[PDB]
Amino acid sequence: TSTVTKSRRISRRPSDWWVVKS
Amino acid sequence: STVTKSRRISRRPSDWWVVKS
Amino acid sequence: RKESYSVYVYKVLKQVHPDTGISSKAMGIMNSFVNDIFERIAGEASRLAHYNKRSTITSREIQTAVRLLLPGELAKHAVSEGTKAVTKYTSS
Amino acid sequence: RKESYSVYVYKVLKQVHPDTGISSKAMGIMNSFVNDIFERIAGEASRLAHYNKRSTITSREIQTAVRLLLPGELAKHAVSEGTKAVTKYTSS
Amino acid sequence: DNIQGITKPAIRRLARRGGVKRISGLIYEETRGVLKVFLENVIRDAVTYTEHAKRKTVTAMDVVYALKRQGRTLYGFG
Amino acid sequence: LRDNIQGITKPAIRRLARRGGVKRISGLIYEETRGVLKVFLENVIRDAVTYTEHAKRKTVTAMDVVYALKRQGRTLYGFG
Amino acid sequence: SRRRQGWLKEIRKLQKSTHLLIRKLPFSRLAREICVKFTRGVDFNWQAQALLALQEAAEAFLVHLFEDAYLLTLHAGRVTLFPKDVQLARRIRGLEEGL
Amino acid sequence: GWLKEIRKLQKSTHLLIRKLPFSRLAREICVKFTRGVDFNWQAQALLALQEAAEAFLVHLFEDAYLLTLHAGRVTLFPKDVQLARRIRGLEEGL
Amino acid sequence: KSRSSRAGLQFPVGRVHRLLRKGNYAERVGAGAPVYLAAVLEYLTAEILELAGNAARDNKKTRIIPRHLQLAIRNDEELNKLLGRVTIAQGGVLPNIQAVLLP
Amino acid sequence: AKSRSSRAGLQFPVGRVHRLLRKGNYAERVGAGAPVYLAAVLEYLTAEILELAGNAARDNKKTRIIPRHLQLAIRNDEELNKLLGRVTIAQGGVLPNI
DNA sequence: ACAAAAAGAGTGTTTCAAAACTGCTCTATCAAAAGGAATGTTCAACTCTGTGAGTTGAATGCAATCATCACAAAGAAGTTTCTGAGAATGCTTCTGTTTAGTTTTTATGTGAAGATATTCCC
DNA sequence: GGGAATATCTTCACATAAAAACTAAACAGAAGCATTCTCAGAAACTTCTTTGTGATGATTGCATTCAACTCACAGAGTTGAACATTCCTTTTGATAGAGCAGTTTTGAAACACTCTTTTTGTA
C-alpha cells in the first residue's frame, strides 16, 4: 500500500479521485 | 449554407465523435 | 494610461455591421479574445524560432504558427489575409 | 557539443540506488522529463514576472512557479529543497 | 454551513440549464462535493498569485490567471 | 483504399483492446477503430509536416512528431 | 394531470437566460471559508469582480459537467441523473478536466 | 482464454500494430496532406508516431469500456467508443 | 504614413510590433511579422463580430452582448474549436435539449 | 576551484541551468539564486522518480531500470501521476486493471 | 595537452524595494422587504429484476501470405563552415492618435394593455 | 368543432442606465540615420532513407458453432416533481471608515558586460 519514500514524502497510490468523499 | 464576407462556409458543429464512411 | 484594442474592434465592427453597437462587457470579451489569440500565436512563433535556432520572429514564423493554431478553413483565410497585407505593405 | 543531463541523472541514481543500472532508453526518458519540467517551471516563472511587471526571474518566481505546478506534498518538499540549496549557496 | 449555502433549487436550476430532466436525490451532495473540489483548486492558485504579488486582496486577474493555468480561459474579466 | 487501412488487422485491434482491458468486442468496433486511428494520424501528421517544412527540410524527424504531439497536448518522452 | 411539462418550461427558460444561478452571498461565504482554510494567517480580501469571476467559472464548469453526465445517463437507458453518472463523467474527462 | 490474453498483454510493452502496415498507412496519409512535395520519414519518426497512436488507442479503449460497464454490458460497442470521444471533449477525444 | 494604413489594416501594426518586442518572444522581430499578425487578428475579430452581429439581428437587437458572442462562437465549428477551452462570462449555453426529452 | 553546484550541494549543473535560463529569453534578466533553486528542484524530482523506479526494478526482480519501471513508478504515485498526467512513456505499457 | 565552458573581478547601469502619501473600495452593519427556499404529501413516473427470445463473438483449426530480418547500393538530403549583404536595432525629434474625462443621445427593460395562441368539456 | 381562459404574444411610453460623441494632452509611433549582426547561399562532406532480394516461418484469414451474450418487457418497487404555506435568507441601499492598493521617489543592492583564469571532456 502507501509507501514512504527516502524522505518524509509519503507516496500513496492513486485512488478513485472521481468520487466525492465526505 | 452560411457564407461570411470571405468565401468561408461557417458550418455548424453538427457531430464529430462518430466516424465517417 | 491603460491601452485597449477597443477602438480597433469598434472600427472593424463599423466595417462589418455599419449600424450595430457593442456593449461594454462584449467589448471587454473582444479585448480578452484578441489578447488570447495574440499570445497563442506569438508563443508558437517563439517556439518555432527557438526550434530552428533562429533569433528572429519573421512573417514566416507567424504564418506557420497560424497554420498550427487555427483549424483548417480559418487558417486558409487567415494566411490569405496575412500574405495579402504583407504584400501591400512591402509595396510601399 | 550536444548537452544532456545523462551524467547527472546517473550521479543521482548512484546516490539513491548505489547498485542499480539504467537502460539507454530509460536515460532518454529521464532527459525528456528533466527538459519538460525545466520548461514548465521556467515558462511559469516567466509569465509570473511578466504579470507583476518585473523584469528579472529571481528565486522567488521559481518558488511560486514550483508551488503552482507541483501537487501538494511534491511542492512542499521541492520548496524545502530549493530554499535549503539557496541558503547553503549564499552562505559562502 | 457555507457548502450548504448552495441550495437544492439552485443545484436544480444548474442541472436544468444543463438540460437534465430528472434529478436523483443524492445529486445534491455530489454536486456540493464537486463544487467544493473545483473551488479549492482555483482558490489555491489565486491566492498563490496574490501572495506572489505583495498584496492582501484577491483580484479578478488573479482568478483569471488561476483558471488559465488550469486550462479554463475566462474572457469577461480581463 | 484496397489496403493500407486494412493493414490494421482485426487481431491487432483486438490486441489493443485486450491491453486496454476489454473482455469482449463487437464486430463494428474494427471499422470504428480504423476510423479513429485515421483521424488521430491525420491531426498529428499534418502538424509534423508543418514543422518539417517550416524548417526547410524534406525528412520528417522524430522531433517533428514530438512537437506535433506536444502542441496537441500529448507529451511523448522516449524520443528526445 | 398536475403539470404536463413543468420541467420542460424550466429547461427552455433557463437555457436562454444568462444570469448566475447561485446566490452571491452564499457563494461568497463558501469561497471565503475555503480561502481561509488555505491561508493559515490573516485572510485575504476579495474584489467583488474576483468573486464574480469565480462564480462565473464555477457555474460554467458545473453546467458543462451536468451536460456531460446526462449523456451517460441516457447511455444507460435512464432519464434520472445518478451520482455514478457524474462520477464517471469526471473520471473520463481526466485528471485536469475532471479534477 | 481472453483472461490470460489480457493478463499477458497488460504486462508487455511491445507495439501491437505491425510496423510495416503502420508505415504504409502513415505514408499515404502524409501524401494526402502534401502540397505536391513528397517527404521522407526517419525510422524514429514512424516509431514515435506509432508509440503515440497505440497509447492513444489503448487509453480510449479503457474509457470506452467503462461506458460499457455503466450500461450493464460486457461487450464493447461503437456507441461506447463514440461517447467516450464526446466526453473527452474535442481535443483529448479526437 | 502609419504602418496600419500602409498595410490596409484597422489594427495597430506599431503597437503589435512593440508588444512582440517587449513580450520576450525572440531577440529580434522582423518587419513583416507585426503586419502579418495584425492582419490575422483583424480577420479573426471580423469573423467573430460578423457572426455576433448576425446573432444579435436575429434576436431583434442592435447591440452585441456576451450572449450574442457565445451564440456566434458555439455555432461555428471552426471558432468553436479554436475557443474550445474558453468560458465567456454572461454567455449562457446553447439551447440544446436531448431528443429523448421532447415528446 | 569550486563549482556553484558544489557550493549548493547539488549534482545538477547550476551553471548550465543558468545559461539555459539566460538564453531561453524567459526574462530580460536572471537572478543569482534562480538557477540554484531550479537545479535543486530538478534534482529533487529526478531523485523521487529514480527511487521509485529502482524499487519497481527491485521487486520486479530485475537489476536495470527500463522504461517499464519508470512507467510503473509514475502511474503508482498519485502526485507524480498528476504531474505527468498528459505524458506518454514510450515502451511503458499500462497498469494491470480488471 | 587542448578547446570550450564556467568561475572570478571589477565597472557601470538599472531595477526593485522601502518609504510616504492619497484616495478608493472592501468590510462590516443595518433595515426593511419580499420572494424564494424549506417543509410535507402524493402519486404518477420512473428504475430494477427476472425471464425468455434472439443474436454473435471467441475458440479452433487449417492453408495462405507477408512482416521481418538481413544485406547491399546509391544517392538524396542533411550538416558544417564561411562571407557578406541587408535587415534589425538604437537613438533623436516631432506630431498624431489614444485615452481619460465630459456630456449628449438612446436602446432597452419595465410595465401596462389588448389579443392572439394554447388549451379544457363531452 | 365551439366558445371559454389564460399565458403567451405584440405594442407603446418612459426613465434611465448605458452607449455614443467631443476634447485635450500626452504618450508613443513614425522618420531619418549609423551601426551591428543574422541569416541566405555555396561548397564539401557524410549519413541515413529508400529501394530492392530472398527465406521463412510466424501470423493472419477464413468458416462453424454454440455458449455466451444482448434485448424487450412485464411486473414490482421506489422516488422525484408538483403543489400549497411559512418564513427566513438574500438583496439593495446607504454608511462609515479604514485598510490597503496604487503612485512617486530614492537609493542601495544586484545584475549585465568584459577580460582573465581555470577547470573539464576529448586527445
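Computed from heavy atoms alone, side chains included, the values below leave out hydrogens, waters and symmetry copies. Chain identifiers are assigned alphabetically (A, B, ...) following the order of the sequence lines, protein sequences preceding nucleic acid strands; residue numbering begins at 1 within each chain.
Between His54(F) and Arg67(C) the shortest side-chain heavy-atom distance does not fall below 4.5 Å.
Contacts between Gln72(F) and chain C at a heavy-atom distance below 4.5 Å are absent for every atom of the residue. For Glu44(C), the part lying near chain F is the side chain, with the backbone staying farther off; criterion is any non-hydrogen pair under 4.5 Å.
One distance of note links OH of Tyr67(F) with OH of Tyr51(C); it measures 5.0 Å at 0.5 Å rounding.
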* Asked: Which is it for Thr64(C) and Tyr51(F) under the side-chain contact (heavy atoms from CB on, under 4.5 Å) test, yes or no, and what are the steps along the way?
  -> CA-CA 8 Å; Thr64(C) 302; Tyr51(F) 282 107; 5.9 Å; no

Enumerate donor-acceptor pairs with a distance under 3.5 Å from any side-chain N or O in residues 70-81 of chain C to protein atoms, sequence neighbours excluded.
from	atom 1	to	atom 2	distance (Å)
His77(C)	ND1	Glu73(C)	O	2.9
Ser80(C)	OG	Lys76(C)	O	2.5

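Remark: side-chain polar atoms of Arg71(F) are paired, donor with acceptor, to backbone N or O of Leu68(C) under 3.5 angstrom.
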